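Data first, discussion second: the structure below is written as structure tokens.
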Amino acid sequence: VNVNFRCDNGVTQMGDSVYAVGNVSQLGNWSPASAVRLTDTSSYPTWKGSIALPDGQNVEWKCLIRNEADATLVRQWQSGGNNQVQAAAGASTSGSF
């Protein structure tokens, strides 16, 4: 199913983007290099994306500012508790820096 992800206050420098990283394979199993880049900056500094996830799966994730070119180079992890979503049609989940 397609789940909407949103990260607020993603103030990045050119060359760094906001990614969703989290505790399932589709979100990289917490690995920055396999995080999913958020594609929509039409309401900057909010970053948004649509991410396919298995229906009904409970997922924990964080917003991540990461370098685009060096996939291991993290600039900032969202602080605090993980964002939580149960994947379902029309589901939406958000975090904030």
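For reference, positions follow the sequence shown, starting with 1. What you see below is based on every heavy atom in this structure, not just the backbone, and it leaves out hydrogens, waters and symmetry mates.
Linking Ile, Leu, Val, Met, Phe, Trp and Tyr whenever their side-chain heavy atoms come within less than 4.5 Å leaves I51 and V21 in two separate clusters. Residue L38 is grouped with residue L27 when hydrophobic side chains (ILVMFWY) are merged at heavy-atom distances under 4.5 angstrom, including chains of intermediate members.
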Pairs under 3.5 angstrom only: tabulate donor-acceptor contacts from the side chains of residues 86-97 to other protein residues two or more places apart or in another chain.
residue : atom : partner : partner atom : Å
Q86     : NE2  : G56     : O            : 2.9
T93     : OG1  : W61     : NE1          : 2.9
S96     : OG   : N9      : ND2          : 3.2

Name the atoms and distances for all side-chain donor-acceptor pairs under 3.5 Å in residues 71-78, with sequence neighbours left out.
residue : atom : partner : partner atom : Å
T72     : OG1  : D70     : OD1          : 2.9
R75     : NE   : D16     : OD1          : 3.1
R75     : NE   : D16     : OD2          : 3.0
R75     : NH2  : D16     : OD1          : 3.3
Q78     : OE1  : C63     : N            : 2.9
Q78     : OE1  : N83     : ND2          : 2.9
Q78     : NE2  : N83     : OD1          : 2.9

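Considering every non-hydrogen atom in both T12 and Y44, the closest pair reads N-OH, 3.2 Å. Across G15 and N67, no two heavy atoms sit closer than the pair O-ND2, 3.2 Å. Closest heavy-atom contact between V18 and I65: CG2-CG1, 4.1 Å. In terms of heavy atoms, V1 sits closest to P54 at CG2-C, 4.4 Å. Residues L53 and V24 approach most closely at CD2-CG2, 4.2 Å, considering heavy atoms.
Put simply, the side chain of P32 reaches to within 4.5 Å of the side chain of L64, judged on heavy atoms.
Using modelled atom types, no side-chain atom of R37 and backbone atom of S17 make a donor-acceptor pair closer than 3.5 Å.
With values rounded to the nearest 0.5 angstrom, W47 atom CH2 is found 9.5 Å from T39 atom OG1.
Not counting sequence neighbours, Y19 has no partner by the ring pair (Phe, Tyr, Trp, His ring centres under 6.0 Å) test.
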